[PDB]
Amino acid sequence: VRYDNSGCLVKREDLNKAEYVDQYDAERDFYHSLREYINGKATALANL
Amino acid sequence: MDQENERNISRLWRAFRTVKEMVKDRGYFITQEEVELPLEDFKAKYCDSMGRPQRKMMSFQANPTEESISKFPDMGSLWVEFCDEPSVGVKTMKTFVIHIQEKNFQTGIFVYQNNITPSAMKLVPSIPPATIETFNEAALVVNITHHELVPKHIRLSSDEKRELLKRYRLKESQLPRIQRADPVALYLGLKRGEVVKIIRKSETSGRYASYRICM
Amino acid sequence: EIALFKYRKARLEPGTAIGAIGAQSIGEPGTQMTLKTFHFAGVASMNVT
Amino acid sequence: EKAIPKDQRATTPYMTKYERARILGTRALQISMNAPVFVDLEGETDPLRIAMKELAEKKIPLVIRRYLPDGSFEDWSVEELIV
Amino acid sequence: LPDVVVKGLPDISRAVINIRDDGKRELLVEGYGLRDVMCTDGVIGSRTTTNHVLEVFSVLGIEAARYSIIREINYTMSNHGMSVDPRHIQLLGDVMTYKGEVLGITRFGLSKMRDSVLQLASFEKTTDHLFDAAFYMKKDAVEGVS
Amino acid sequence: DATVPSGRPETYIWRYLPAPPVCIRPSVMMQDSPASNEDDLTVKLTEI
Amino acid sequence: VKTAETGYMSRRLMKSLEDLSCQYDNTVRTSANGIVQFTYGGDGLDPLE
Amino acid sequence: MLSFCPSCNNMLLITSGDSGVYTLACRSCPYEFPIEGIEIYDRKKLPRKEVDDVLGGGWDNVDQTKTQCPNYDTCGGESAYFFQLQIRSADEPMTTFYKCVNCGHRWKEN
Amino acid sequence: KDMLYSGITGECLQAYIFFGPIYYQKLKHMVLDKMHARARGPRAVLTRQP
RNA sequence: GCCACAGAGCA
DNA sequence: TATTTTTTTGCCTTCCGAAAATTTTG
DNA sequence: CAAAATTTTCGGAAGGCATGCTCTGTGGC
Ligand SMILES: [Zn+2]
Ligand SMILES: [Zn+2]
């Protein structure tokens with residue numbers, strides 16, 4: 001979960017702002033890259 | 001003369017642009033359309049009839065924004081002034097200090113032209129509840145926060161600082177330090193004990209947050 | 001499962017003397033650095049060190 | 001008062017290499033001083049290999065006290081840690 | 001008299017226009033006036049860099065100095081093809097620039113970074129450090145490795 | 001630090017010189033039995 | 001002749017970097033319990049793994 | 001000034017004297033050279049190297065304009081070659097170079 | 001390049017072997033004067049170290 | 001035995 | 001006793017008059 | 001306002017420092 005600097009939850013409309021960068025962004029980037037790789041394989045299968 | 005007049009006009013116009021961006025970045029209310037003031041409007045509004053820089057007219061005052069005063073309840077209006085004197089004398093600097101003290105401004109920005117004398121430099125601690133910051137026009141030609149090397153610095157409030165100290169379970173002397181009189185710290189107007197959050201972009205991982213404390 | 005297992009074992013283990021590892025990983029390549037004279041992008045008069 | 005309860009443990013559940021080395025050294029030192037063993041040793045005489053066999057099927061009576069920088073610690077059973 | 005400077009920056013030895021592979025032209029100079037170059041008309045001040053790191057620290061700040069350290073060390077390693085992981089370089093850059101300024105890995109730098117007495121005494125200037133510790137009566141906690 | 005009795009400036013001026021133990025400045029035996037070479041600290045102490 | 005400079009540089013780097021370690025809260029700290037990095041390399045990943 | 005006394009071939013130095021007028025006096029022997037009404041000068045001709053015309057060749061096959069040259073008292077040429085160049089920041093106007101086709105004297109307007 | 005038979009298997013080697021006399025020098029550095037082992041032994045009078 | 005000096009080995 | 005050579009190079013900070021610059025008196 | 005005290009700057013001199021381990025032989029008190 002993404003928390004702001006104050007210590008409360010962050011709204012969905014501003015999740016990607018610079019001021020809300022946490023220490024868990026590396027894990028989120030890894031999960032996004034893994035999902036993108038799996039989606040690329042599925043896209044190749046769908047295209048063929 | 002083109003070299004004596006037009007170059008100085010463009011130089012001081014870029015300095016005004018940088019000062020506007022600085023005051024906007026501190027949380028004060030400057031509208032967006034005011035920052036992109038073109039050189040023609042600058043000549044038509046702030047210059048003389050026959051083409052001279054009128055540095056006395058271009059001094060102004062800025063008030064804090066509603067979100068800024070929500071985050072920082074102690075923030076007050078500032079007064080920014082441009083000194084017409086080439087070298088700063090004690091009399092002009094004492095006049096600036098007297099004006100700041102009399103008008104009850106929380107802080108003041110003093111933009112000098114060439115050099116500042118040591119005796120006039122001793123008067124920035126003179127006001128006890130207000131802080132006077134000095135800047136050079138040659139240092140304000142281009143904005144350092146727009147440089148590709150300088151990452152994003154965001155000043156944290158007291159509540160956010162306490163939340164950070166509670167999260168990492170540390171005392172304020174254990175954080176990495178950032179000096180005052182650092183150019184970015186001068187840009188943000190950091191005080192002692194203020195915590196700045198730095199958004200670093202590394203090609204290895206991406207965006208990650210570091211923290212520094214002003215000393 | 002393989003990707004997640006590799007990710008969890010790639011984290012820095014607590015207690016690691018990572019400063020000494022970095023110091024050695026910087027100092028050791030200096031031994032194999034033989035002499036070479038470099039130039040700054042097609043200019044044969046600059047000779048950056 | 002510095003002991004974090006078992007429910008709110010935040011450190012990693014995996015055994016680091018340093019924890020493995022320290023546990024093996026401690027158990028070998030204990031066996032070298034005539035401590036009882038909990039494995040069916042097949043003619044082994046070196047304490048280190050007996051300690052390795054003990055760690056192989058998690059039959060070692062020690063816990064790791066991981067000290068956070070603030071001062072609070074964290075007790076992890078060796079059989080609970082994943083190796 | 002004929003050795004005075006009537007135009008140009010006082011610390012710039014020379015300047016060369018370099019035409020890169022893309023065809024765009026960059027003005028690369030030898031000198032120490034980063035601020036005056038990036039303030040000069042016709043030069044984009046948001047993209048002007050220097051290999052010198054204390055110059056970048058004086059002009060732009062401490063984080064720019066850290067990036068300059070990392071980029072310069074990485075470039076030096078990559079020119080020889082030594083293939084050093086950049087995280088070690090980041091650790092070195094953070095260690096150099098976590099006290100608010102660029103210290104440097106020297107006797108003078110360690111004399112400011114480290115408050116331990118026996119670690120500094122075992123490196124260089126043993127007697128001076130020991131006598132300064134005795135005079136200033138500083139307490140040395142046994143927490144470091146040395 | 002003046003809270004301890006040893007924290008005075010006059011402590012940093014030589015009035016009493018602590019003569020070191022001979023276990024840290026031992027007399028080195030030579031190949032000749034009657035004569036034993038002495039450390040430089042002992043000779044300097046005698047000179048003092 | 002390069003061995004002298006390499007050895008002195010390695011000695012300096014290790015005397016400056018020996019005290020650092022990765023604590024159990026994934027923050028790189030010095031021996032005096034002061035943070036150099038909040039997360040190692042921005043992501044907390046071992047170059048060895 | 002590098003001049004030597006004819007009597008002893010020693011260095012001549014310029015002295016103000018009591019009268020306030022400079023004289024080429026020799027401090028070794030009684031010799032003076034008055035310079036009232038005579039201008040003595042030593043010229044150090046600095047070396048001049050060839051420089052390429054950085055604006056040269058840019059006025060060929062370009063459009064013309066009807067702008068009077070600044071030297072109106074000497075000539076009245078109106079047609080002049082002109083072109084544009086960006087040597088400043090992108091937020092300030094592009095500068096304009098003009099060359100008169102009769103008298104030369106190339107000038108940049110703004 | 002000669003054709004050699006291996007002494008272990010007896011078969012012909014599948015490559016011609018470069019075979020002939022070369023002058024060799026025996027250097028003074030022999031392992032009999034380099035091998036050393038201590039365990040416990042003499043100690044210095046000052047530092048009480050080996 | 002102490003102290004310097006000199007040469008030699010491995011990148 | 002008083003003739004009389006060097007035998008690495010580069011970098012660094014602290015100290016300290018000297019001089020330049022600025023402030024301060026009369 | 002110009003003398004006069006004060007502060008800052010700018011040079012030149014003075015110390016400090018420069019890979020690791022290992023093996024012999026010779027000389028002098
Ligand atoms: Zn003469
Ligand atoms: Zn004309």
Side-chain angles (χ1 to χ4, degrees), chain B residues 85-94 97 112 114-126 134, chain C residues 20 23-24 26-35 49, chain E residues 10-11 32 52-54 82 96 101-113 120-132 135-136, chain F residues 22-44, chain G residues 1-16 18, chain I residues 25-38 41-50:
Chain B
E85 273 69 49
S87 180
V88 173
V90 173
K91 272 77 67 178
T92 79
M93 177 78 165
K94 190 159 48 54
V97 165
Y112 62 84
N114 289 290
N115 286 316
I116 186 159
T117 57
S119 179
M121 198 69 249
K122 299 289 94 175
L123 270 77
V124 294
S126 85
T134 66
Chain C
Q24 271 154 5
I26 294 152
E28 176 257 347
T31 313
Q32 293 82 17
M33 277 185 183
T34 186
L35 73 164
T49 61
Chain E
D11 294 320
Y32 295 96
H52 201 210
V53 62
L54 282 72
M82 287 305 311
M96 272 165 98
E101 70 189 5
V102 182
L103 277 297
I105 312 303
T106 55
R107 39 188 276 173
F108 320 109
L110 276 296
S111 302
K112 310 199 192 111
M113 293 177 70
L120 297 174
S122 64
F123 173 50
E124 274 175 352
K125 277 156 69 75
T126 307
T127 70
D128 276 17
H129 280 123
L130 282 167
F131 277 125
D132 278 1
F135 172 68
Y136 291 119
Chain F
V22 299
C23 84
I24 79 168
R25 37 166 190 98
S27 52
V28 176
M29 281 291 219
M30 294 182 286
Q31 75 289 351
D32 290 331
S33 297
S36 312
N37 218 10
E38 302 295 328
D39 201 7
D40 309 297
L41 299 174
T42 301
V43 176
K44 276 287 174 294
Chain G
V1 305
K2 83 187 155 198
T3 56
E5 183 178 1
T6 300
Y8 189 36
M9 179 204 66
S10 183
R11 197 162 85 83
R12 279 146 71 222
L13 274 170
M14 182 72 75
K15 288 291 286 187
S16 181
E18 64 183 1
Chain I
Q25 296 176 355
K26 201 201 191 296
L27 304 188
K28 69 172 285 293
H29 298 295
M30 294 182 286
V31 73
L32 190 62
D33 305 329
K34 308 299 210 70
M35 182 179 72
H36 178 52
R38 190 199 149 77
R43 287 181 188 280
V45 64
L46 187 50
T47 66
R48 295 204 195 183
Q49 281 176 0

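Numbered from 1 within each chain, the chains take letters A, B, ... in sequence-line order.
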Inset, instruction - Please classify the sugar of L/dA5 as north or south using the torsion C1'-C2'-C3'-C4'. - result: south
Inset, instruction - Take atom CD1 of B/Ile116 and atom P of K/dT22, then tell me their distance rounded to the nearest Å. - result: 13 Å
Legend entry - Exceeds 12 heavy-atom contacts within 6.0 angstrom, atom CD of G/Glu5: no
Legend entry - Option among B/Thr117, B/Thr92, B/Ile116 that satisfies the side-chain contact (heavy atoms from CB on, under 4.5 Å) test with B/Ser87: B/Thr117
Got a list of side-chain donor-acceptor pairs under 3.5 Å for residues 27-38 of chain I, not counting sequence neighbours?
| from | atom 1 | to | atom 2 | distance (Å) |
| --- | --- | --- | --- | --- |
| I/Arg38 | NH1 | I/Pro42 | O | 3.1 |
| I/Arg38 | NH2 | I/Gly41 | O | 3.3 |
| I/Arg38 | NH2 | I/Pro42 | O | 2.6 |

Legend entry - Sub-4.5 Å side-chain heavy-atom contact between G/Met9 and E/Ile105: no
Inset, instruction - Identify the two heavy atoms, one from F/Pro26 and one from I/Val45, that lie closest to each other, and give their separation to 0.1 Å. - result: CG-CG1, 4.3 Å
Legend entry - Ring pucker hemisphere for L/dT22, per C1'-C2'-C3'-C4' torsion: north
Inset, instruction - Tell me whether the sugar of L/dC17 sits north or south, going by the sign of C1'-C2'-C3'-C4' (positive is north, negative is south). - result: north
Inset, instruction - Determine whether more than 12 heavy atoms belonging to other residues, nucleotides or ligands lie under 6.0 Å from atom CE of B/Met121. - result: yes
Inset, instruction - Would you kindly give the CD1-to-P distance between E/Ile105 and K/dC12, to the nearest whole Å? - result: 14 Å
Inset, instruction - Please round to the nearest 0.5 Å and tell me the distance separating atom OG1 of E/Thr127 and atom CG of E/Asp132. - result: 9.0 Å
Inset, instruction - Could you measure between the two P atoms, the one in K/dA2 and the one in L/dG27, and give it in whole Å? - result: 35 Å
Inset, instruction - Test G/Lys15 against E/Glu124 for side-chain contact (heavy atoms from CB on, under 4.5 Å), laying out the working first. - result: CA-CA 11 Å; G/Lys15 288 291 286 187; E/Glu124 274 175 352; over 6 Å; no
Legend entry - Residue whose nearest RNA chain J nucleotide is more 5′ - C/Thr31 or F/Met29: F/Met29
Legend entry - Approximate separation, where rounding is to 0.5 Å, of F/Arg25 CZ and F/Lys44 NZ: 13.5 Å
Legend entry - Nucleotide-level pairing of RNA chain J, given in dot-bracket where Watson-Crick and G-U pairs need both distances under 3.5 Å and | marks other strands: .||.||..||.
Legend entry - Close side-chain approach of E/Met96 and G/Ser16, heavy atoms under 4.5 Å: no
Legend entry - Shortest non-hydrogen contact between F/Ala35 and F/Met30, atoms and distance: O-CE, 3.7 Å
Inset, instruction - Any chance you could list the contact pattern along nucleotides 12-24 of chain L? Use B for base contacts, S for sugar-phosphate-only contacts and - for none, protein heavy atoms under 4.0 Å, 5' to 3'. - result: ----SSSB-----
Legend entry - Minimum heavy-atom distance B/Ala120-B/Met93, with the two atoms named: O-CE, 3.3 Å
Inset, instruction - Using the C1' atom on both, measure K/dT9 against L/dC21 and round to a whole Å. - result: 26 Å
Legend entry - E/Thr126 side chain vs E/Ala121 backbone, donor-acceptor pair below 3.5 Å: yes
Inset, instruction - Could you check which nucleotide pairs with L/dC17 in any of the strands shown, counting Watson-Crick or G-U wobble with both distances under 3.5 Å? - result: none
Legend entry - Base-paired stems in DNA chain K, each at least three Watson-Crick or G-U pairs under 3.5 Å: K:13-16 with L:11-14
Legend entry - Pairwise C1' distance, L/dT26 and K/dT1 [rounded to whole Å]: 34 Å
Inset, instruction - Please work out whether the ring planes of G/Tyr8 and E/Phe123 are parallel, tilted or perpendicular, with thresholds of 30° and 60°. - result: parallel
Inset, instruction - Quickly work out the B/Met121 CE to L/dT9 P distance and round it to whole Å. - result: 13 Å
Legend entry - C1' atoms of L/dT6 and K/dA21, separation to the nearest Å: 11 Å
Inset, instruction - State the sugar conformation of K/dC15 as north or south, using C1'-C2'-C3'-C4' as the deciding torsion. - result: south
Legend entry - Nearest-Å distance once atom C1' is located in both K/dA19 and L/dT9: 9 Å
Legend entry - North or south sugar at K/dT14 (positive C1'-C2'-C3'-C4' torsion counts as north): south
Legend entry - Atom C1', compared across L/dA4 and K/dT24: separation rounded to whole Å: 8 Å
Legend entry - G/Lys2 atom NZ, over 12 foreign heavy atoms within 6.0 Å: yes
For nucleotides 23-26 of chain K, which of its nitrogen or oxygen atoms have a protein nitrogen or oxygen under 3.5 Å away, and what is each distance?
| from | atom 1 | to | atom 2 | distance (Å) |
| --- | --- | --- | --- | --- |
| K/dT23 | OP1 | B/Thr117 | OG1 | 3.3 |

Legend entry - P atoms of L/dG25 and K/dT5, separation to the nearest Å: 42 Å
Inset, instruction - Take the six-membered rings of bases K/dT5 and K/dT6, measure centre-to-centre distance and interplanar angle, and say whether these fall under 5.5 Å and 30° respectively. - result: yes
Legend entry - Rounded distance in Å between the P positions of L/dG28 and K/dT3: 30 Å
Inset, instruction - Would you grab the first and last nucleotide of RNA chain J (5' to 3') that comes under 4.0 Å of any non-hydrogen atom in chain I? - result: J/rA8 to J/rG9
Legend entry - Nearest-angstrom distance from the residue atom NZ of I/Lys28 to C1' of L/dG25: 11 Å
Inset, instruction - For residues E/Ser111 and E/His129, determine if any side-chain heavy atom of one lies less than 4.5 Å from a side-chain heavy atom of the other. - result: yes
Legend entry - Test log, rule side-chain contact (heavy atoms from CB on, under 4.5 Å), inputs E/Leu120 and E/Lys125: CA-CA 8 Å; E/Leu120 297 174; E/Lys125 277 156 69 75; over 6 Å; no
Inset, instruction - Check whether more than 12 heavy atoms from other residues, nucleotides or ligands sit under 6.0 Å from atom CZ of I/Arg43, and answer yes or no. - result: yes
